[PDB]
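Undergrad: Generate a structure from the sequence data that follows.
(one chain, ligands or ions: 1)
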Amino acid sequence: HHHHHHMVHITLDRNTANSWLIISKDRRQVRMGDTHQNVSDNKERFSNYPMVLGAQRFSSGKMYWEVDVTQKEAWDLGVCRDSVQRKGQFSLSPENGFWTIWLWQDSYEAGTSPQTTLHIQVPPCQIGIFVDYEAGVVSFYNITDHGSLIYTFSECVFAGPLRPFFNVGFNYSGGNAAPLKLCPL
Ligand SMILES: CN(C)C(=O)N1CCOC[C@@]12CCOC2
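TA: Residues are numbered from 1 along each chain as shown. Please find the structure below.
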């Protein structure tokens with residue numbers, strides 16, 4: 001792909017984070033803490049899952065960023081509507097305002113309803129995310145495998161401003177403590 005030139009500098013929005021997340025001082029890395037991180041509750045925080053949004057809002061144009069997923073067992077990545085539900089249980093689906101892929105139990109899947117099996121030969125250490133607002137497109141690229149396509153959501157109905165979306169996953173196993181990191185441009 002030739003999307004690299006639409007690179008945007010993404011930072012994480014503390015105020016949206018689940019109360020167990022630890023966001024680095026530079027707002028470029030996030031990991032699951034082993035306890036509540038001593039923050040007040042607010043209506044923005046994701047309550048049920050280890051999720052956080054980027055601070056940036058996109059309503060037009062072409063945007064590209066990269067995320068490091070090294071050594072993680074489980075995570076979700078993509079974009080979502082600014083108006084997504086924060087409290088209680090929900091599925092990741094375009095009907096609920098999410099355009100995502102994930103790793104879970106040694107398989108990669110796209111967040112369609114129902115979910116779609118992904119075909120990845122080289123487990124990725126870094127993921128590239130491309131959004132074309134006007135075209136209604138969200139695409140995912142395997143940076144570890146020369147930028148090979150993972151998945152394209154097309155005919156997307158964004159229906160509002162979009163925010164970068166992250167889930168570091170639970171760490172019940174003791175094997176998923178590693179952070180998500182926004183990679184330098
Ligand atoms: C750490 N853990 C397994 C949790 O139970 N947490 C803590 C972080 O917020 C989400 C919830 C899941 C169920 O609601 C609370």
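Undergrad: what comes into contact with stretch 131-139?
TA: 1, 3, 58-64, 78-79, 99, 129-130, 149-158, 162 (CB atoms under 8 Å, 6 or more residues apart in numbering). Where you see a C-beta, it was placed from the backbone N, CA and C, and this is true even at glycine.
Undergrad: tell me how far the ends of it are from each other?
TA: From its first residue to its last, stretch 131-139 covers 7 Å (CA to CA, to the nearest Å).
Undergrad: buried ones in that stretch?
TA: 131-133, 137-139 (16 or more other CB atoms under 10 Å).
Undergrad: Equivalent analysis for stretch 158-172, please.
TA: Those would be 158, 162-169, 171, for stretch 158-172 by 16+ other CB under 10 Å.
Undergrad: measure the residue nearest the centre of the chain to the ligand for me?
TA: What sits nearest the mean C-alpha location of the chain, by CA atoms, centre = their mean, is residue 77, with 2.3 Å. Distance of residue 77 to the ligand, given as CB to the nearest ligand atom, to the nearest Å: 19 Å.
Undergrad: got the residues of this protein near the ligand?
TA: Residues of the chain found near the ligand (CB under 6 Å from any ligand atom) are 18, 20, 48, 170.
Undergrad: Which single residue of this structure ends up nearest the ligand?
TA: Closest contact between the chain and the ligand, by CB to the nearest ligand atom, is at residue 20 (4.3 Å).
Undergrad: Number of residues surrounding the closest residue in space to residue 121 that isn't next to it in sequence?
TA: If the residues on either side of it in the chain are set aside, residue 121 comes closest to residue 145, at 7.1 Å by CB to CB, 6 or more residues apart in numbering. As a burial measure, residue 145 scores 15 neighbours (other CB atoms under 10 Å).
Undergrad: No more questions from me, cheers.
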